[PDB]
């Protein structure tokens, strides 16, 4: 059994292993860092099965759970939030914060999302680049999702820049173990204060709603509110930043489609759909342990055995998406759901918000900067470690 996670073939490419597995061994065993084994699912149909099977669990205290790293095993000890819960606990807590993320709520949030993007682009414009290139990530990809989630949670405007920087340190590759944890602990400390404040004087934000609707009635306690808010912050920020960066690099990679997007920003929604399929920036979250024996394909996964379902591989499944390795914003979509945001009960709570942010970004970015260009040969782009989720660390641009 090969060691997993696999390493991406190249900077922007998915691991080479998946294609081969989908064709010759769709359901196989891989070896994890601690030597334990797990079943790796690579076909779209099987990934969907794993994501929805009631015979599988997300509880990490169950023996056999596929932890992919030393730290993962440690994190599994703390009290769990809905991300690691099975029904009915899962929705009992998730429904506590779902209102802000419904399709309707997000549609009503559009103007706010637009102004957040406009202001960041304007500040990046006046800041100019007359003395050289600027980092699109630091100046744009990072603050867009950061300010929005922080604002929705209840963070005041003046604290956004500092908190955005601290949250970045949390996952930054250059950060030392000490720097990462301190930034992490600091964010938790800040959230604790916000909860205390909103418990006293509630405002129109997520933290205040948890405080009034769950904490006060005694449904959850303060630390719970802090952890739930923390999850909403760290769960998808790094991914959002990587998706925006990856989007810009991809458009530079395919000039003709960038030409098309500029000419018709109305194509943004479909460009975002193809981007979330082509670049599956979160491919290691659909994990489970079998509660009882379950047959998947030609294999029998026995009780207490772990399973990793690659939504990244599923998104390149040639049986579902024709010419899967071709990025095409004008792609003819099949009836099957691309899985950039997972599937089933646990499907990304912020899928609609994430798409709205991305759609706003790519329907506006080139309108503001028609001549935006990556200020460095594409083959030299600084991507994330090949053994981690796909993404871009920094992206020098000129406009």
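Residue numbers count along the first chain shown, from 1.
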Task: Segment of higher mean CA temperature factor, 205-213 or 230-238 - done: 205-213
TODO: Could you check which stretch, 42-50 or 24-32, carries the larger mean CA temperature factor in the entry?
DONE: 24-32
Open item on the list: Highest Cα temperature factor in the entry, among the options 111, 269, 247, 72: which one is it?
Closed with: 72
- [ ] Compare the CA B factors listed in the entry for 274, 161, 186, 305 and report the winner.
- [x] 186
Open item on the list: Per the entry's values, where does residue 93 land by CA temperature factor relative to the rest of its chain, in the lowest, middle or highest third?
Closed with: middle
- [ ] Could you say whether, by C-alpha temperature factor, residue 337 belongs to the lowest, middle or highest third of its chain?
- [x] middle
Open item on the list: Ranking every modelled residue in this chain by its Cα temperature factor as given in the entry, which third contains residue 67?
Closed with: highest
Task: Third of chain Cα B-factors occupied by residue 316 - done: lowest
Open item on the list: Lowest, middle or highest third: which one holds residue 195 when the chain's residues are ordered by CA B-factor from the entry?
Closed with: middle
